[PDB]
>>> print(open('work-v3.pdb').read())   # PDB, C-alpha atoms (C1' of nucleotides)
ATOM      1  CA  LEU A 614     -59.404  87.836  81.763
ATOM      2  CA  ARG A 615     -57.518  85.988  79.018
ATOM      3  CA  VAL A 616     -53.852  85.418  79.875
ATOM      4  CA  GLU A 617     -51.039  83.749  77.934
ATOM      5  CA  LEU A 618     -49.224  80.500  78.715
ATOM      6  CA  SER A 619     -45.769  79.829  80.096
ATOM      7  CA  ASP A 620     -43.096  77.892  78.211
ATOM      8  CA  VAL A 621     -43.655  74.839  80.428
ATOM      9  CA  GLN A 622     -47.417  75.040  79.821
ATOM     10  CA  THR A 623     -46.860  75.395  76.062
ATOM     11  CA  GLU A 624     -44.465  72.439  75.863
ATOM     12  CA  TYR A 625     -46.822  70.305  77.977
ATOM     13  CA  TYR A 626     -49.745  71.314  75.735
ATOM     14  CA  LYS A 627     -47.884  70.347  72.563
ATOM     15  CA  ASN A 628     -46.657  67.136  74.222
ATOM     16  CA  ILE A 629     -50.220  66.116  75.118
ATOM     17  CA  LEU A 630     -51.860  67.234  71.860
ATOM     18  CA  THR A 631     -49.199  65.613  69.603
ATOM     19  CA  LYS A 632     -48.682  62.631  71.912
ATOM     20  CA  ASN A 633     -45.071  62.276  73.007
ATOM     21  CA  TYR A 634     -44.974  59.457  75.604
ATOM     22  CA  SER A 635     -41.185  59.114  75.308
ATOM     23  CA  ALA A 636     -40.813  62.889  75.691
ATOM     24  CA  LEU A 637     -43.545  63.050  78.351
ATOM     25  CA  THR A 638     -41.653  60.459  80.403
ATOM     26  CA  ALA A 639     -38.238  62.225  80.216
ATOM     27  CA  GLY A 640     -36.782  62.304  83.736
ATOM     28  CA  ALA A 641     -39.653  60.511  85.487
ATOM     29  CA  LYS A 642     -38.527  57.318  87.210
ATOM     30  CA  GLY A 643     -41.942  55.649  87.103
ATOM     31  CA  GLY A 644     -42.815  56.825  83.603
ATOM     32  CA  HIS A 645     -46.539  56.170  84.118
ATOM     33  CA  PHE A 646     -48.266  58.957  82.188
ATOM     34  CA  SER A 647     -51.942  58.309  81.445
ATOM     35  CA  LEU A 648     -53.324  60.016  78.338
ATOM     36  CA  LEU A 649     -56.816  58.618  78.659
ATOM     37  CA  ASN A 650     -59.202  61.617  78.694
ATOM     38  CA  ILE A 651     -56.993  63.868  76.547
ATOM     39  CA  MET A 652     -59.086  66.987  77.173
ATOM     40  CA  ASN A 653     -58.866  66.589  80.964
ATOM     41  CA  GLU A 654     -55.066  66.466  80.683
ATOM     42  CA  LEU A 655     -55.216  69.526  78.409
ATOM     43  CA  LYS A 656     -57.217  71.372  81.082
ATOM     44  CA  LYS A 657     -54.697  70.237  83.711
ATOM     45  CA  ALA A 658     -51.850  71.561  81.547
ATOM     46  CA  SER A 659     -53.731  74.837  81.060
ATOM     47  CA  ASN A 660     -54.186  75.177  84.829
ATOM     48  CA  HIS A 661     -50.778  74.197  86.249
ATOM     49  CA  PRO A 662     -47.835  72.054  85.060
TER      50      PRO A 662
ATOM     51  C1'  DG B   1      54.438 -30.207  90.488
ATOM     52  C1'  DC B   2      49.305 -30.550  90.166
ATOM     53  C1'  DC B   3      44.628 -28.847  91.171
ATOM     54  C1'  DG B   4      41.028 -25.484  92.785
ATOM     55  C1'  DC B   5      39.165 -20.459  93.349
ATOM     56  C1'  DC B   6      38.667 -15.044  92.391
ATOM     57  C1'  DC B   7      38.857 -10.958  88.972
ATOM     58  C1'  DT B   8      37.897  -8.853  84.307
ATOM     59  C1'  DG B   9      37.075  -8.368  78.947
ATOM     60  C1'  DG B  10      34.312  -8.828  74.261
ATOM     61  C1'  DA B  11      30.530 -10.886  71.647
ATOM     62  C1'  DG B  12      25.163 -12.580  71.321
ATOM     63  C1'  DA B  13      20.349 -11.176  72.233
ATOM     64  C1'  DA B  14      16.329  -7.881  73.808
ATOM     65  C1'  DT B  15      14.177  -3.147  73.062
ATOM     66  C1'  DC B  16      13.165   1.724  71.023
ATOM     67  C1'  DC B  17      12.566   4.322  66.870
ATOM     68  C1'  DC B  18      11.314   5.053  61.922
ATOM     69  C1'  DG B  19       9.391   3.947  57.384
ATOM     70  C1'  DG B  20       6.144   1.359  54.149
ATOM     71  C1'  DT B  21       1.510  -0.316  53.793
ATOM     72  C1'  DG B  22      -3.451  -1.812  54.903
ATOM     73  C1'  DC B  23      -8.089  -0.768  57.285
ATOM     74  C1'  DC B  24     -12.207   2.364  59.784
ATOM     75  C1'  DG B  25     -14.892   7.000  59.799
ATOM     76  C1'  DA B  26     -16.080  10.731  57.213
ATOM     77  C1'  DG B  27     -16.588  13.881  53.261
ATOM     78  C1'  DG B  28     -16.778  14.988  48.099
ATOM     79  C1'  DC B  29     -19.115  13.368  43.966
ATOM     80  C1'  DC B  30     -22.777  11.364  41.140
ATOM     81  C1'  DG B  31     -27.486   9.871  40.075
ATOM     82  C1'  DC B  32     -32.496   9.707  40.871
ATOM     83  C1'  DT B  33     -36.491  12.434  41.767
ATOM     84  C1'  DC B  34     -40.060  14.756  43.896
ATOM     85  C1'  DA B  35     -41.184  18.956  45.948
ATOM     86  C1'  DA B  36     -40.008  23.913  45.935
ATOM     87  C1'  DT B  37     -39.798  27.685  42.519
ATOM     88  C1'  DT B  38     -41.499  30.745  38.752
ATOM     89  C1'  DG B  39     -44.859  32.703  35.983
ATOM     90  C1'  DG B  40     -49.525  33.894  34.965
ATOM     91  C1'  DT B  41     -54.711  34.467  36.231
ATOM     92  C1'  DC B  42     -58.406  35.568  39.149
ATOM     93  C1'  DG B  43     -61.469  35.890  43.175
ATOM     94  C1'  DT B  44     -62.119  37.636  47.585
ATOM     95  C1'  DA B  45     -60.249  38.948  52.539
ATOM     96  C1'  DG B  46     -59.459  42.579  54.450
ATOM     97  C1'  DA B  47     -58.339  47.556  54.631
ATOM     98  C1'  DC B  48     -60.637  51.867  54.546
ATOM     99  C1'  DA B  49     -64.325  55.172  55.028
ATOM    100  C1'  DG B  50     -68.813  56.512  57.060
ATOM    101  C1'  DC B  51     -72.842  56.792  60.340
ATOM    102  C1'  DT B  52     -75.236  55.345  64.866
ATOM    103  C1'  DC B  53     -75.449  54.094  69.557
ATOM    104  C1'  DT B  54     -73.499  52.474  73.993
ATOM    105  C1'  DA B  55     -69.719  51.767  77.389
ATOM    106  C1'  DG B  56     -65.672  53.617  79.643
ATOM    107  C1'  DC B  57     -62.858  57.367  81.955
ATOM    108  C1'  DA B  58     -60.919  61.422  84.622
ATOM    109  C1'  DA B  59     -62.050  64.135  88.245
ATOM    110  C1'  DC B  60     -65.235  65.856  91.365
ATOM    111  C1'  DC B  61     -69.688  65.723  94.597
ATOM    112  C1'  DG B  62     -72.825  63.832  98.603
ATOM    113  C1'  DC B  63     -74.683  60.146 101.892
ATOM    114  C1'  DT B  64     -74.710  55.806 104.411
ATOM    115  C1'  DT B  65     -72.926  52.223 106.748
ATOM    116  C1'  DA B  66     -70.537  48.231 107.137
ATOM    117  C1'  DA B  67     -65.916  46.815 106.834
ATOM    118  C1'  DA B  68     -61.268  47.762 108.269
ATOM    119  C1'  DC B  69     -58.063  49.050 111.786
ATOM    120  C1'  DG B  70     -55.946  49.695 116.287
ATOM    121  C1'  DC B  71     -55.452  48.034 120.903
ATOM    122  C1'  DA B  72     -55.650  45.149 125.007
ATOM    123  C1'  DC B  73     -55.751  40.564 126.909
ATOM    124  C1'  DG B  74     -55.335  35.792 127.255
ATOM    125  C1'  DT B  75     -54.363  31.265 126.130
ATOM    126  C1'  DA B  76     -53.558  27.788 122.783
ATOM    127  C1'  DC B  77     -50.254  26.106 119.968
ATOM    128  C1'  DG B  78     -45.497  26.071 117.656
ATOM    129  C1'  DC B  79     -41.330  24.791 118.961
ATOM    130  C1'  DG B  80     -37.466  23.054 121.527
ATOM    131  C1'  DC B  81     -35.637  19.366 124.579
ATOM    132  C1'  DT B  82     -35.383  14.535 126.168
ATOM    133  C1'  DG B  83     -36.250   9.683 126.251
ATOM    134  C1'  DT B  84     -37.090   5.303 123.977
ATOM    135  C1'  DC B  85     -37.579   1.781 121.065
ATOM    136  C1'  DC B  86     -37.983   0.051 116.672
ATOM    137  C1'  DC B  87     -37.191  -0.271 112.251
ATOM    138  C1'  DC B  88     -34.315   0.647 108.518
ATOM    139  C1'  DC B  89     -29.536   0.402 106.935
ATOM    140  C1'  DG B  90     -25.104  -1.811 106.126
ATOM    141  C1'  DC B  91     -22.919  -6.071 105.224
ATOM    142  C1'  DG B  92     -22.021 -10.992 104.371
ATOM    143  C1'  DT B  93     -23.856 -15.135 102.035
ATOM    144  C1'  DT B  94     -26.672 -17.747  98.907
ATOM    145  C1'  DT B  95     -29.903 -18.042  95.086
ATOM    146  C1'  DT B  96     -31.923 -16.809  90.853
ATOM    147  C1'  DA B  97     -33.312 -14.862  87.017
ATOM    148  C1'  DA B  98     -32.038 -11.047  83.681
ATOM    149  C1'  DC B  99     -29.386 -10.895  79.748
ATOM    150  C1'  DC B 100     -27.447 -12.460  75.685
ATOM    151  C1'  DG B 101     -27.256 -15.749  72.129
ATOM    152  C1'  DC B 102     -30.198 -19.484  69.831
ATOM    153  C1'  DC B 103     -34.006 -22.138  67.040
ATOM    154  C1'  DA B 104     -38.882 -22.896  64.389
ATOM    155  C1'  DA B 105     -42.744 -21.397  61.744
ATOM    156  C1'  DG B 106     -46.241 -18.127  61.061
ATOM    157  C1'  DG B 107     -48.936 -13.872  61.146
ATOM    158  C1'  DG B 108     -49.135  -8.409  61.415
ATOM    159  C1'  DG B 109     -48.042  -4.568  59.464
ATOM    160  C1'  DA B 110     -45.449  -1.176  56.596
ATOM    161  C1'  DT B 111     -44.491   0.154  51.819
ATOM    162  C1'  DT B 112     -45.648   0.167  46.330
ATOM    163  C1'  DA B 113     -48.844  -0.076  42.688
ATOM    164  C1'  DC B 114     -53.469  -0.469  40.913
ATOM    165  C1'  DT B 115     -58.714  -0.391  40.453
ATOM    166  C1'  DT B 116     -63.277   1.220  41.602
ATOM    167  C1'  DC B 117     -67.271   3.476  43.627
ATOM    168  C1'  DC B 118     -69.522   5.787  47.293
ATOM    169  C1'  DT B 119     -69.771   9.705  49.557
ATOM    170  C1'  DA B 120     -68.920  14.330  50.618
ATOM    171  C1'  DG B 121     -68.020  18.993  48.488
ATOM    172  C1'  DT B 122     -70.336  22.432  45.657
ATOM    173  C1'  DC B 123     -74.209  24.922  43.627
ATOM    174  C1'  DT B 124     -79.102  26.508  43.366
ATOM    175  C1'  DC B 125     -83.493  27.223  45.316
ATOM    176  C1'  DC B 126     -86.676  27.370  48.959
ATOM    177  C1'  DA B 127     -88.920  27.217  53.437
ATOM    178  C1'  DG B 128     -89.247  26.889  58.311
ATOM    179  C1'  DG B 129     -86.742  27.400  62.714
ATOM    180  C1'  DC B 130     -84.906  30.892  65.574
ATOM    181  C1'  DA B 131     -84.895  35.445  67.310
ATOM    182  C1'  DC B 132     -87.680  39.297  68.716
ATOM    183  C1'  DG B 133     -91.989  41.762  70.008
ATOM    184  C1'  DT B 134     -96.668  41.762  71.704
ATOM    185  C1'  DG B 135    -101.898  40.687  73.018
ATOM    186  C1'  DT B 136    -104.092  37.869  76.227
ATOM    187  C1'  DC B 137    -105.060  34.759  80.080
ATOM    188  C1'  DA B 138    -105.075  32.073  84.524
ATOM    189  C1'  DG B 139    -102.761  31.724  89.190
ATOM    190  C1'  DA B 140    -101.197  34.501  93.284
ATOM    191  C1'  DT B 141    -102.041  38.404  96.446
ATOM    192  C1'  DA B 142    -104.274  42.093  98.973
ATOM    193  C1'  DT B 143    -108.437  44.119 100.966
ATOM    194  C1'  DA B 144    -114.047  45.234 101.468
ATOM    195  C1'  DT B 145    -117.736  43.785 103.894
ATOM    196  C1'  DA B 146    -120.881  40.765 106.593
ATOM    197  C1'  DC B 147    -121.640  37.306 110.752
ATOM    198  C1'  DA B 148    -120.495  35.122 115.681
ATOM    199  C1'  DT B 149    -118.725  36.529 119.949
ATOM    200  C1'  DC B 150    -116.411  38.565 124.936
ATOM    201  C1'  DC B 151    -116.559  42.078 128.210
TER     202       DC B 151
END
>>> encode(input="work-v3.pdb", output="structure tokens")
Amino acid sequence: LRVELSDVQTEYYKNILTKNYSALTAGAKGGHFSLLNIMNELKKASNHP
DNA sequence: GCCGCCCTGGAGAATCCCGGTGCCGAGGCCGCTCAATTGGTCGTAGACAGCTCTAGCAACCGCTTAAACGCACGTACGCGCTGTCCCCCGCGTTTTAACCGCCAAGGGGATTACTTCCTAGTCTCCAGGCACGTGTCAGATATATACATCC
């Protein structure tokens, strides 16, 4: 069963794939986003934001 | 009538202020002058691309087991109080040497300019030392088997 993505999933996917550390931080107080293992973060974004 | 004592006024000298002129610190100007700038040439340091192989990383598993953690108890030590005595501090007095200003000549060392030559950079060629891989060999280790012996 192939299902589409939400808007949050799509914006997280384009933020990870076109790396946007300033945009990926946004409202986070810590701001510690790790983009080592890009494809694992892509799978995490495809599963749940 | 003559002589001595108290009260009050104007002129001579000291002081504050201002102007003209000379001296100290600093900045503008000028002159030398050597090092930064400009322009041109060329070699190569590094950026870029490409392929191969190994380490790291996120997130999960499973097993073991030793380290971590929590708790209770107990007692040793940190800490506070008190005494005591001794040694350091404050002060007065006396000494003394640091400090500054002086010879007296001479050598050491910093510059400026010059000469010379030995030695280290550079280039070319070559060979052997270092790094890596492997065959072989002697010392260390484990067991197979035979002989003396106690029950």
>>> resolve_selection(input="work-v3.pdb", expression="the PyMOL selection byres ((chain A) within 12 of (chain B))", output="ChimeraX atom specification")
/A:647-657
>>> axis_aligned_box(input="work-v3.pdb", around="range 617-624 of chain A", padding_each_side="4 Å", output="AutoDock Vina command-line options")
--center_x -47.1 --center_y 78.1 --center_z 78.1 --size_x 15.9 --size_y 19.3 --size_z 12.6
>>> resolve_selection(input="work-v3.pdb", expression="the PyMOL selection byres ((chain A and resi 658) around 12)", output="mmCIF file with C-alpha atoms, in the frame of the given file")
data_model
loop_
_atom_site.group_PDB
_atom_site.id
_atom_site.type_symbol
_atom_site.label_atom_id
_atom_site.label_comp_id
_atom_site.auth_asym_id
_atom_site.auth_seq_id
_atom_site.Cartn_x
_atom_site.Cartn_y
_atom_site.Cartn_z
ATOM 1 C CA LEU A 618 -49.224 80.500 78.715
ATOM 2 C CA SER A 619 -45.769 79.829 80.096
ATOM 3 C CA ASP A 620 -43.096 77.892 78.211
ATOM 4 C CA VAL A 621 -43.655 74.839 80.428
ATOM 5 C CA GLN A 622 -47.417 75.040 79.821
ATOM 6 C CA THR A 623 -46.860 75.395 76.062
ATOM 7 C CA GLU A 624 -44.465 72.439 75.863
ATOM 8 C CA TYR A 625 -46.822 70.305 77.977
ATOM 9 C CA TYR A 626 -49.745 71.314 75.735
ATOM 10 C CA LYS A 627 -47.884 70.347 72.563
ATOM 11 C CA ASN A 628 -46.657 67.136 74.222
ATOM 12 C CA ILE A 629 -50.220 66.116 75.118
ATOM 13 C CA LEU A 630 -51.860 67.234 71.860
ATOM 14 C CA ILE A 651 -56.993 63.868 76.547
ATOM 15 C CA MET A 652 -59.086 66.987 77.173
ATOM 16 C CA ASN A 653 -58.866 66.589 80.964
ATOM 17 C CA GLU A 654 -55.066 66.466 80.683
ATOM 18 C CA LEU A 655 -55.216 69.526 78.409
ATOM 19 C CA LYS A 656 -57.217 71.372 81.082
ATOM 20 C CA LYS A 657 -54.697 70.237 83.711
ATOM 21 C CA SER A 659 -53.731 74.837 81.060
ATOM 22 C CA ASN A 660 -54.186 75.177 84.829
ATOM 23 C CA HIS A 661 -50.778 74.197 86.249
ATOM 24 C CA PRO A 662 -47.835 72.054 85.060
#
>>> atom_distance(input="work-v3.pdb", atom1="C1' of residue 114 in chain B", atom2="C1' of residue 34 in chain B")
20.5 Å
>>> atom_distance(input="work-v3.pdb", atom1="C1' of residue 41 in chain B", atom2="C1' of residue 121 in chain B")
23.8 Å
>>> residues_around(input="work-v3.pdb", residues="residue 644 in chain A", least_positions_apart="6", cutoff="9 Å", atoms="all atoms listed in the file", output="MDAnalysis selection string")
chainID A and resid 634:635 637:638
